Every structure is written in C-alpha cells, then in structure tokens.
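Structure, as structure tokens:
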Amino acid sequence: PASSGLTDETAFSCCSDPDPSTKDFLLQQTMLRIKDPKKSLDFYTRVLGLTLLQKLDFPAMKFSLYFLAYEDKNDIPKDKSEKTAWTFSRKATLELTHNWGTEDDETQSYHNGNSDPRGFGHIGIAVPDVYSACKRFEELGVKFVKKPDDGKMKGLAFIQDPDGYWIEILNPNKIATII
Amino acid sequence: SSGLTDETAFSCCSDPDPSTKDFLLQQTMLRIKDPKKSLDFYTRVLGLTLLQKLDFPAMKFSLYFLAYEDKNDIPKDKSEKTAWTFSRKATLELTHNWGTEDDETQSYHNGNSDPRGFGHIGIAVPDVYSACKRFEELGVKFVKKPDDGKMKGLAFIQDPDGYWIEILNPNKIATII
Ligand SMILES: COc1ccc2c(c1)c(CC(=O)O)c(C)n2C(=O)c1ccc(Cl)cc1
Ligand SMILES: [Zn+2]
Ligand SMILES: [Zn+2]
C-alpha cells in the first residue's frame with residue numbers, strides 16, 4: 001500500500017495527553033546560524049519588527065547569541081542577570097548564533113534547508129494583512145521566494161532573511177480559505 | 001575573530017515600524033520522515049498538543065501543527081480551528097512527504113553538520129535534570145547529557161529525525177555561563 005499519509009484517526013491515536021511533569025514546558029526558541037549580525041539584526045528589527053532582547057558573548061568559544069522576539073523593549077530588565085532569566089523564559093524567540101569571523105569570510109554561507117540536503121524548512125510569521133505587509137517588504141528591497149499572489153496558494157508568501165532562511169508570511173484568519 | 005561590540009550590534013537595530021504591530025512569530029517548520037514516531041515524541045515525550053492536521057493529496061504531504069496548548073481550547077469547527085491554530089505563538093509545523101517512512105535510504109538533515117544552518121528548537125523547563133531523567137527512562141536519544149561538559153544543567157536531545165532539541169532552565173542559565 002503506497003503511503004497516503006495518516007488518517008486524522010491514526011494521527012490523533014498517536015497523540016498522548018501531556019504528562020503532568022511537562023505541564024510548565026514552553027517552546028522557547030528556534031536557533032539559526034547567521035553569517036553577519038549587522039544584516040540580520042537590521043532585517044529582523046527594521047523589516048519584521050522584532051526586538052533584540054539580549055546579546056550574549058562567549059569569548060571562550062568565539063560565538064555570540066542574539067535573541068530576538070516580539071516583545072516591548074521596555075519590558076526587558078536592564079540588569080544582566082535579570083535580563084538573562086527574562087529572555088530565556090519568553091515564548092517564541094529566535095536565537096541567532098554568530099560564529100565570529102564568518103562575515104569576513106567570502107567562502108562561507110549557511111544552508112537554508114530547502115535544497116539537498118533538506119530538513120528545516122522555515123520559520124513563519126502571522127500578520128494581519130499579507131498583501132500590505134508584502135508591498136511594504138517590496139518597498140524595502142526584501143527578497144521574495146513566493147509573492148502573495150504567485151503560485152496557487154494565493155494570499156500566502158515566503159520571504160528570505162539575509163542568510164536565505166525562508167520565512168512564511170501568513171494571515172491566520174484567511175488560511176482555511178486556501179486549505 | 002572578535003565579533004560585534006554592543007555599540008555595533010545595538011546600532012543595527014531599529015524600533016518596530018507601527019505597521020508590524022501585531023506580527024507574531026507563529027511557527028518553525030521541520031520535515032519529518034515518520035509522523036507516527038514524531039507525534040508520539042512531541043506529545044507523549046515532550047508534552048505538546050496536536051492542534052490540527054492538514055492534508056494536501058494533490059501534492060502528497062501532510063502538515064501537523066503542535067503547540068503547548070490545552071486541547072480543550074481547540075475549536076471544533078474547521079474554519080474556527082484553522083484561524084486559532086495559525087494565531088497561536090510558538091507552534092511546530094511538521095511536514096511529512098508521503099512515502100519517506102517506507103524508504104530505507106531516506107533521511108533528513110538536521111543542520112548540525114556540513115552544510116550547517118538551522119540548529120535546534122529549545123524547550124524551557126522547570127528542572128533540567130528531572131526532565132532528562134524522564135527522557136532517559138523513555139528511550140530518548142541524547143546529544144549532550146545535562147551534566148556533561150562545561151555547561152552543566154543544560155542538555156540537547158534528538159527527536160525521531162535527529163533534529164536537536166535544547167533543554168534549558170531559564171533560572172539557571174545566567175549561573176551556567
Ligand atoms: C563557552 O563554552 C561553551 C559555551 C556554550 C556551550 C558550550 C561551551 C557547550 C559544551 C560544553 O558545555 O562544554 C555547549 C553545549 N554550549 C551550548 O550549546 C550553549 C548554548 C547556549 C547557552 Cl546560553 C549555553 C550553552
Ligand atoms: Zn539555543
Ligand atoms: Zn509553514
């Protein structure tokens with residue numbers, strides 16, 4: 001029997017109610033390696049409107065971590081120790097990992113997971129209006145993987161960040177209409 | 001090299017444009033070889049809830065959406081359920097291309113060897129050691145046990161596809177550095 005995927009029945013049959021030990025777990029971060037934080041920080045804050053919660057430097061291992069999320073900057077504790085506990089307890093953050101030097105190495109680039117070898121596909125952002133968001137993205141020179149009305153999924157877009165990671169742009173209140 | 005000073009890094013950040021007002025980081029998507037194994041892992045092992053499943057037979061794949069949400073908060077009718085799912089923060093979209101689970105020569109790439117890119121998702125938990133003790137008991141595979149290395153109290157496990165999952169305690173991170 002050629003795979004026709006799971007029925008809803010099988011799928012949900014594979015699903016267990018959370019064990020009480022897992023009751024306070026949260027999905028805290030998605031980590032992506034970045035070649036050049038100057039570009040990545042600009043894109044994510046200025047184009048997408050995230051806020052840089054914290055920059056952590058690790059001299060012993062020659063990398064930095066940049067945590068970005070949709071949070072009000074006024075909410076960030078100034079104190080380093082308090083900043084840390086707050087940042088790592090936010091939901092839905094991006095951890096951008098910068099291995100020092102990569103920005104100056106012409107031979108280096110990271111792989112976005114969407115060609116051989118595939119794996120990771122993208123992160124995704126819900127917006128109140130995909131068409132207006134993308135017109136703005138266009139005016140800002142953002143590279144598109146899929147414009148909102150190209151292809152057969154109309155009203156859905158994919159853009160790329162400076163490393164070429166894909167970012168889905170969607171309106172959650174209009175997805176059902178395109179299945 | 002040396003990496004960015006705070007001045008350089010901070011100067012590259014703009015305040016949010018008002019038009020990005022209620023933008024939210026909604027999903028991270030991973031391709032998965034076997035949804036039976038994945039769904040068991042994320043729900044039973046990790047404690048996420050499957051919010052919704054979408055099939056696209058035309059293109060031979062399913063999308064599964066999981067989050068740390070109460071399933072009693074999931075709308076029954078399809079339209080309303082879709083709109084809610086896609087408006088939850090911090091979801092996981094697992095993409096199953098029909099066939100792969102029967103193909104012995106097939107595996108996805110977790111981004112942690114050449115060519116590198118994506119690294120991991122990370123779970124904030126109350127107690128990394130009790131969490132990993134349970135994972136161990138349950139047969140979960142580890143990359144970094146909580147107590148190995150210079151950064152003790154922080155772990156990395158693998159999902160059924162080999163993607164790394166960080167296990168951290170927010171109240172012990174600053175200490176760990
Ligand atoms: C400076 O030396 C380091 C720094 C980070 C490290 C490690 C060693 C090791 C290896 C080791 O612990 O020896 C692991 C696994 N690290 C991490 O991935 C990590 C990521 C984010 C945070 Cl905030 C903390 C740790
Ligand atoms: Zn991490
Ligand atoms: Zn997606």
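Chain labels follow the order of the structure tokens: the first chain is A, the next B, and so on; residue numbering restarts at 1 in every chain, and ligands are counted from 1 in their shown order.
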May I ask you to extract the residues of chain B within 6 Å of chain A, using only C-alpha atoms, and to give them as a tab-separated table (two decimals) with N, CA, C and O atoms, in the first residue's frame?
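Once written, part.tsv looks like this:
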chain	number	residue	atom	x	y	z
B	1	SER	N	37.79	35.50	15.19
B	1	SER	CA	37.84	36.96	15.04
B	1	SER	C	37.68	37.67	16.39
B	1	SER	O	38.40	37.38	17.34
B	3	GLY	N	34.10	39.46	16.83
B	3	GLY	CA	32.65	39.62	16.99
B	3	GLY	C	32.25	41.06	17.29
B	3	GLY	O	33.11	41.92	17.48
B	12	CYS	N	22.49	48.57	14.87
B	12	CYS	CA	21.88	47.92	13.71
B	12	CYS	C	20.42	47.55	13.95
B	12	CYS	O	19.74	47.04	13.04
B	13	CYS	N	19.94	47.83	15.15
B	13	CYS	CA	18.56	47.54	15.50
B	13	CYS	C	17.66	48.77	15.34
B	13	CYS	O	17.98	49.83	15.86
B	14	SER	N	16.55	48.65	14.61
B	14	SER	CA	15.58	49.75	14.53
B	14	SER	C	14.39	49.47	15.44
B	14	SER	O	14.11	48.31	15.72
B	16	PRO	N	10.48	48.93	16.14
B	16	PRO	CA	9.48	48.33	15.24
B	16	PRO	C	8.67	49.39	14.50
B	16	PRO	O	8.26	50.38	15.08
B	20	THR	N	4.09	46.75	11.75
B	20	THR	CA	4.41	45.38	12.14
B	20	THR	C	3.76	45.07	13.48
B	20	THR	O	4.10	44.11	14.15
B	23	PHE	N	2.29	41.60	14.43
B	23	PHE	CA	3.05	40.49	13.87
B	23	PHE	C	3.42	39.54	15.02
B	23	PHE	O	3.76	39.97	16.12
B	24	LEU	N	3.36	38.24	14.77
B	24	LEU	CA	3.81	37.29	15.78
B	24	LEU	C	4.59	36.12	15.18
B	24	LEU	O	4.27	35.65	14.09
B	25	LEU	N	5.59	35.64	15.92
B	25	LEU	CA	6.40	34.51	15.47
B	25	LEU	C	5.60	33.25	15.70
B	25	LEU	O	5.50	32.75	16.82
B	26	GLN	N	5.03	32.73	14.62
B	26	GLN	CA	3.97	31.74	14.71
B	26	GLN	C	4.38	30.27	14.62
B	26	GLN	O	3.76	29.43	15.26
B	27	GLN	N	5.41	29.95	13.84
B	27	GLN	CA	5.75	28.54	13.57
B	27	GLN	C	7.20	28.35	13.18
B	27	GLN	O	7.82	29.24	12.61
B	28	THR	N	7.75	27.18	13.49
B	28	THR	CA	9.01	26.73	12.94
B	28	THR	C	8.62	25.45	12.23
B	28	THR	O	7.91	24.63	12.82
B	29	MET	N	9.03	25.29	10.97
B	29	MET	CA	8.67	24.08	10.20
B	29	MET	C	9.84	23.11	10.04
B	29	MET	O	10.94	23.51	9.65
B	30	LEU	N	9.60	21.83	10.32
B	30	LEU	CA	10.60	20.78	10.13
B	30	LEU	C	9.98	19.68	9.30
B	30	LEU	O	8.85	19.32	9.53
B	31	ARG	N	10.73	19.16	8.34
B	31	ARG	CA	10.31	17.97	7.59
B	31	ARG	C	10.61	16.71	8.39
B	31	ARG	O	11.71	16.55	8.94
B	40	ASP	N	4.12	10.88	18.49
B	40	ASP	CA	4.34	10.21	19.77
B	40	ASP	C	5.39	10.96	20.60
B	40	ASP	O	5.19	11.23	21.80
B	43	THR	N	4.18	14.70	21.63
B	43	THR	CA	3.08	14.71	22.59
B	43	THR	C	3.40	13.95	23.87
B	43	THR	O	3.40	14.54	24.95
B	44	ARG	N	3.67	12.66	23.75
B	44	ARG	CA	3.95	11.83	24.93
B	44	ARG	C	5.27	12.18	25.61
B	44	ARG	O	5.35	12.28	26.85
B	47	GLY	N	5.18	16.70	25.55
B	47	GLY	CA	4.02	17.28	26.19
B	47	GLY	C	3.36	18.39	25.39
B	47	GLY	O	2.61	19.21	25.93
B	79	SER	N	-13.14	25.85	10.19
B	79	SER	CA	-12.74	27.23	9.93
B	79	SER	C	-12.17	27.87	11.18
B	79	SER	O	-11.10	28.48	11.14
B	82	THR	N	-8.88	26.38	12.30
B	82	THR	CA	-7.77	26.83	11.49
B	82	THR	C	-7.32	28.22	11.94
B	82	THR	O	-6.14	28.42	12.21
B	83	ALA	N	-8.26	29.15	12.05
B	83	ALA	CA	-7.88	30.52	12.39
B	83	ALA	C	-7.17	30.61	13.74
B	83	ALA	O	-6.26	31.42	13.92
B	86	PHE	N	-3.41	28.90	13.59
B	86	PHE	CA	-2.45	29.77	12.91
B	86	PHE	C	-2.27	31.11	13.62
B	86	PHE	O	-1.52	31.96	13.14
B	87	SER	N	-2.93	31.29	14.76
B	87	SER	CA	-2.72	32.50	15.53
B	87	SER	C	-2.10	32.22	16.89
B	87	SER	O	-1.89	33.14	17.68
B	90	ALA	N	4.45	30.31	18.91
B	90	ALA	CA	5.36	29.20	19.19
B	90	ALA	C	4.79	27.82	18.87
B	90	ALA	O	4.72	26.97	19.76
B	98	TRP	N	4.59	12.14	1.91
B	98	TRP	CA	4.10	10.76	1.84
B	98	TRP	C	5.11	9.85	1.16
B	98	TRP	O	5.63	10.18	0.11
B	99	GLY	N	5.40	8.70	1.75
B	99	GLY	CA	6.37	7.79	1.19
B	99	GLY	C	7.61	7.59	2.05
B	99	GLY	O	7.99	6.46	2.34
B	108	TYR	N	16.38	13.04	6.68
B	108	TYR	CA	16.54	14.48	6.62
B	108	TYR	C	17.81	14.91	7.32
B	108	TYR	O	18.44	14.12	8.05
B	109	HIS	N	18.21	16.15	7.05
B	109	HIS	CA	19.45	16.69	7.56
B	109	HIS	C	19.11	17.68	8.65
B	109	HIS	O	18.24	18.54	8.48
B	110	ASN	N	19.77	17.53	9.80
B	110	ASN	CA	19.39	18.29	10.98
B	110	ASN	C	20.09	19.64	11.12
B	110	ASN	O	19.88	20.33	12.11
B	115	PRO	N	26.25	20.62	5.21
B	115	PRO	CA	26.24	22.08	5.38
B	115	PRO	C	25.36	22.55	6.56
B	115	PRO	O	24.19	22.16	6.66
B	116	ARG	N	25.91	23.38	7.46
B	116	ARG	CA	25.17	23.83	8.64
B	116	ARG	C	24.22	25.01	8.38
B	116	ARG	O	24.41	25.79	7.45
B	117	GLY	N	23.19	25.14	9.22
B	117	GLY	CA	22.24	26.24	9.15
B	117	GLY	C	21.37	26.28	10.40
B	117	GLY	O	21.80	26.74	11.46
B	118	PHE	N	20.14	25.78	10.26
B	118	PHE	CA	19.26	25.56	11.40
B	118	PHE	C	20.03	24.76	12.43
B	118	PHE	O	20.81	23.88	12.08
B	119	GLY	N	19.81	25.06	13.71
B	119	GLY	CA	20.49	24.35	14.77
B	119	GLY	C	19.56	23.50	15.62
B	119	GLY	O	19.78	22.28	15.76
B	120	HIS	N	18.53	24.13	16.18
B	120	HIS	CA	17.63	23.44	17.10
B	120	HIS	C	16.43	24.25	17.50
B	120	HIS	O	16.37	25.46	17.25
B	121	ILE	N	15.47	23.58	18.12
B	121	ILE	CA	14.42	24.27	18.86
B	121	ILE	C	14.82	24.05	20.30
B	121	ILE	O	15.63	23.16	20.57
B	122	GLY	N	14.28	24.86	21.21
B	122	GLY	CA	14.65	24.76	22.61
B	122	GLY	C	13.45	24.82	23.53
B	122	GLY	O	12.54	25.62	23.32
B	123	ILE	N	13.45	23.98	24.56
B	123	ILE	CA	12.35	23.87	25.50
B	123	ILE	C	12.80	24.44	26.83
B	123	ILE	O	13.84	24.04	27.37
B	124	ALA	N	12.03	25.39	27.36
B	124	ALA	CA	12.28	25.88	28.72
B	124	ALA	C	11.52	25.00	29.69
B	124	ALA	O	10.33	24.83	29.55
B	125	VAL	N	12.23	24.44	30.68
B	125	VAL	CA	11.62	23.54	31.65
B	125	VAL	C	11.96	23.95	33.09
B	125	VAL	O	12.90	24.71	33.32
B	170	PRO	N	15.53	28.47	32.50
B	170	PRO	CA	15.76	29.92	32.43
B	170	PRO	C	16.39	30.50	33.70
B	170	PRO	O	17.15	31.45	33.60
B	171	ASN	N	16.07	29.93	34.86
B	171	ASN	CA	16.53	30.49	36.14
B	171	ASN	C	17.92	30.04	36.52
B	171	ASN	O	18.46	30.47	37.53
B	174	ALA	N	21.97	32.05	33.58
B	174	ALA	CA	22.94	33.11	33.89
B	174	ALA	C	24.06	32.56	34.76
B	174	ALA	O	25.23	32.92	34.60
Report task. Using DSSP on the backbone coordinates, identify all residues within stretch 69-155 of chain A classified as strand (DSSP E or B); present the result as a ChimeraX atom specification. Result -> /A:69,93-99,119-126,144-146
Query raised in the report: Quick one, how far is atom 1 (C, counted along the ligand's line) of ligand 1 from atom CA of residue A:60?
Result: 4.8 Å
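The gap separating atom CA of residue B:22 from atom CA of residue B:89 is 11.5 Å, in Å to one decimal.
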Requested in this report: Give the residue list for ligand 1 at 7 Å, counting only C-alpha atoms and all ligand atoms, as a list in words, sorted by chain and then by residue number.
Outcome: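 Residues satisfying the distance criterion: residues 58, 59, 60 and 61 of chain A; 144, 148, 149, 150, 151, 152, 154, 173 and 177 of chain B.
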Requested in this report: May I have the residues within 12 Å of residue A:138 as a PyMOL selection string, using only C-alpha atoms and disregarding those fewer than 5 positions away in the same chain?
Outcome: chain A and resi 47+130-133+143-144+146-148+157+159-160
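The coordinates place atom CA of residue B:54 at 10.7 Å from atom CA of residue B:78.
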Report task. Looking only at alpha helix (DSSP H) from DSSP on the backbone, list the matching residues of stretch 31-143 of chain A as a ChimeraX atom specification. Result -> /A:37-42,80-87,130-139
Requested in this report: Have a look at B:145, B:106, B:52, B:35 and name the one nearest to residue B:76; count only C-alpha atoms.
Outcome: B:52
